[PDB]
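Report on the structure given below.
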Amino acid sequence: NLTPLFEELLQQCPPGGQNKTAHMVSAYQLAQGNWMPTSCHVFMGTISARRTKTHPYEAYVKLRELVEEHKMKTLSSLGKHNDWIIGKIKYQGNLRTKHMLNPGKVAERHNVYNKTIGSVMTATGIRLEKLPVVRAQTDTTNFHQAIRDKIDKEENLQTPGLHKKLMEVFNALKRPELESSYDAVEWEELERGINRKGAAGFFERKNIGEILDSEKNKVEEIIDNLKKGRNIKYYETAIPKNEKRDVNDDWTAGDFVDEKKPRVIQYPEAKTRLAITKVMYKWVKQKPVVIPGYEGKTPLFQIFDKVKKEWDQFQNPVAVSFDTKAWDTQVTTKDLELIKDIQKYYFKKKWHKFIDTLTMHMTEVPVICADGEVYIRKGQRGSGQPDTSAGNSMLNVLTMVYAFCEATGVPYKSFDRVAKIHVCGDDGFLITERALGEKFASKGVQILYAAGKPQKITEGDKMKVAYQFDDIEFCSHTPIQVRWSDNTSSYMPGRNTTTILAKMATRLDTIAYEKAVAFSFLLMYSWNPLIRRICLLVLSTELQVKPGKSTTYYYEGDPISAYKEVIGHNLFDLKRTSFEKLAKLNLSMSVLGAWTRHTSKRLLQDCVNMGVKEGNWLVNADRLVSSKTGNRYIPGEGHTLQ
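In the authors' numbering, the protein residues as written are 13 to 87, 91 to 123, 131 to 531, 538 to 670.
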């Protein structure tokens, strides 16, 4: 017989659940005969069978090949940790990627017009038909090509020994007063500013709020294992821009943040977003600001006021822009390893394992598409990661300081003595003397390729150089200057009049909201009289209704006093808007034909026709309206919130 040799292998065949779905044969009736396996796993002494007339040796012959087959799949590809995603596959994958993995698939918001604000515009002659559309979506056929055109690529060639020279740079701007101090935050500070409707991962069913409401302990798990050193089932989810699941966990300082978003948004599970944030809150939100020149916490109206205070100190100043062609897909793995080392400098000793583990996942990122198509990302930064704004910024300044010093020979220590730098994620610029700025302008497009951050096509391979202050571009705005009553000057954030009217009149699937929008726009665009007069005309409607709260800002009490609180001047005090700069930004209106010759005066007459009746009328907040209407506006106490 052969059973004494069959008991040998049985005490080696892997365990399994005793399944009665078929025939579970004996540890000895195998050597009987005609009982050959079709599966291996033992139920404390059984396997499958087939009644296939096998010889007492043909049984052992087959079974030992399954044990060889099991000791093989168990004990490559798809990462050294991400191997779990193979289970969730069911179909073969059509994505046609040439530079990264693609193992199959898994089982798988219209924008509307503002009633009040839009009606106001049409009444003056503004043709909304001739205005840019600012919320278009995209087809999935177009979406699939977007991944092949932008995302699937081998990590760019970062020059030998570069990430040492980048640490050489960070060593200068390090903050020893904060070294090894950061810690996890309590659930209250994290929850304070959080969007209760944050998007959920592909395998998730509840959103950021419900995760907080019910399974707050499940997030505490992800935090523990990561802090202990265990691999977690890290996945990211990929959706196109303006998809119903493109939702920000934090507050955007303007409608421009969602605008400098890439076509392809990658975000981890909502439970994972909170796990990272309840820990790294001090870095990701950048609660103390550490990356020099990071303006993500700065509000829009002072962004250029703060800068002109530095531009006015250089004997002959110039500015240079960072146009990194699609920055998010330009991040090598040594980069994530660098930001990892940075995060360890300011975080406590207990939390390094959290940083060590999480970074390992962020290098080999498995990303599930909207239709189920799963791909493996060759590094790069997911645009929806918690570390995006924080990490990208630190990466921008370290690269751009390197590129500046490398093109000009200025030591890394002596950088602040010859230049100032401002960034926001990947967008930013850099101010210095005319002499130095030209070197970094020409040699820059080269040195930046060497680092792996390729500039755009540009002109003659020279970076964008701003010679006069008001030619700077930052956060999709440009500096425009206003002159107040008391003859002072101050720069406000400027933009194209069409691009503002487009973003102001549209929604995304409510008079209170219409007013909070008009106030939020007045803080930034009171320099544009066509827009100031619109905002006053909407705010002066239905003064009973308190304003909304879902937009960037809103007001508590009297808006003309809230404006005073944040701008440092009353809207009445706006005496003159810069002559030349207001031409350039109004010009897009005439080329598109969005206004008429009579539009400028017609908007003004409606304000004068409103605030001429005896009393205290909002529209009188305009300097000229009040000027020809005789009255003034006396506002009570008002404040600004978000």
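Backbone N, C-alpha and C fix where the C-beta goes; we use that ideal spot for every residue, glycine too.
Exposure label - residue i; buried when at least 16 CB within 10 Å
| i | result |
| --- | --- |
| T86 | exposed |
| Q30 | exposed |
| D171 | exposed |
| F426 | buried |
| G516 | buried |
| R439 | exposed |
| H626 | exposed |
| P198 | exposed |
| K300 | buried |
| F55 | exposed |
| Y303 | buried |
Residue from the options with nearest C-alpha to residue i
| i | options | result |
| --- | --- | --- |
| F225 | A292, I377, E243 and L195 | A292 |
| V311 | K249, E243 and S411 | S411 |
| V387 | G401, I562 and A168 | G401 |
| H82 | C25, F55 and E542 | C25 |
| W305 | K331, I245, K228 and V207 | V207 |
| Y424 | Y581, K475 and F376 | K475 |
| residue 677 | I479, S343 and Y489 | Summary: the structure shown does not reach residue 677, with the chain confined to residues 13 through 670, and so no result is reported for it. |
| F547 | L599, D492 and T520 | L599 |
| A348 | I169, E265, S203 and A429 | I169 |
| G119 | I502, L420 and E395 | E395 |
| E211 | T520, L296, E265 and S236 | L296 |
| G251 | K187, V340 and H383 | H383 |
| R131 | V487, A158, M514 and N270 | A158 |
| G466 | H499, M422 and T519 | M422 |
| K331 | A622, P501 and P49 | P501 |
| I595 | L550, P557 and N117 | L550 |
| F437 | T33, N338, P314 and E77 | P314 |
| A463 | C446, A488 and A472 | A488 |
| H53 | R63, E77 and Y69 | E77 |
| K266 | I377, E232, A222 and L234 | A222 |
| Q167 | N136, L179 and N109 | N109 |
6 Å Cβ shell around residue i - same chain, five flanking residues per side excluded
| i | result |
| --- | --- |
| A392 | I261 |
| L646 | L564, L567 and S568 |
| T160 | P262 |
| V155 | none |
| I287 | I261, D268, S405 and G406 |
Rounded C-alpha distance that separates residue i from residue j
| i | j | result |
| --- | --- | --- |
| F369 | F451 | 29 Å |
| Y583 | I443 | 32 Å |
| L358 | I398 | 16 Å |
| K113 | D174 | 7 Å |
| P663 | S589 | 6 Å |
| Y591 | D483 | 43 Å |
| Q670 | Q324 | 16 Å |
| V619 | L610 | 15 Å |
| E176 | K74 | 43 Å |
| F326 | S512 | 9 Å |
| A441 | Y316 | 15 Å |
| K366 | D272 | 24 Å |
| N164 | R285 | 10 Å |
| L571 | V640 | 17 Å |
| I298 | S507 | 49 Å |
| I479 | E123 | 39 Å |
| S628 | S616 | 15 Å |
| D601 | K282 | 33 Å |
| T320 | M552 | 13 Å |
| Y256 | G94 | 12 Å |
| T538 | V573 | 10 Å |
| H667 | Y581 | 11 Å |
| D409 | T351 | 15 Å |
| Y541 | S578 | 7 Å |
Cβ-based neighbour list, residue i, same chain, cut-off 7 Å, excluding 5 preceding and 5 following
| i | result |
| --- | --- |
| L150 | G140, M143, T144 and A527 |
| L42 | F18 and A71 |
| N247 | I254 |
| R111 | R170 |
| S51 | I59 and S60 |
| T657 | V636, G639, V640 and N648 |
Residues near residue i by beta carbon distance below 8 Å, same chain, minus five either side
| i | result |
| --- | --- |
| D363 | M189 |
| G643 | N659 |
Test: residue i CB closer than 7 Å to a CB of chain D
| i | result |
| --- | --- |
| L567 | Absent here is chain D; the protein component of the structure consists of one chain. |
The ligand NAP heavy atom lying under 6 Å from the CB of residue i
| i | result |
| --- | --- |
| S415 | Among the components of this structure there are no ligands whatsoever, and the ligand NAP is therefore not found. |
Within the stretch 418-489, ranges of the beta strand (DSSP E) (whole runs, at least 3 residues): 441-446 and 449-455
Length-filtered (3 minimum) beta strand (DSSP E) runs lying within the stretch 254-311: 258-262 and 286-290
List, from N- to C-terminal side, the alpha helix (DSSP H) runs of 4 residues or more that fit wholly inside the stretch 312-371. 325-333 and 355-368
Mind listing, in chain order, the continuous alpha helix (DSSP H) runs of no fewer than 4 residues lying wholly within the stretch 549-577? 557-567
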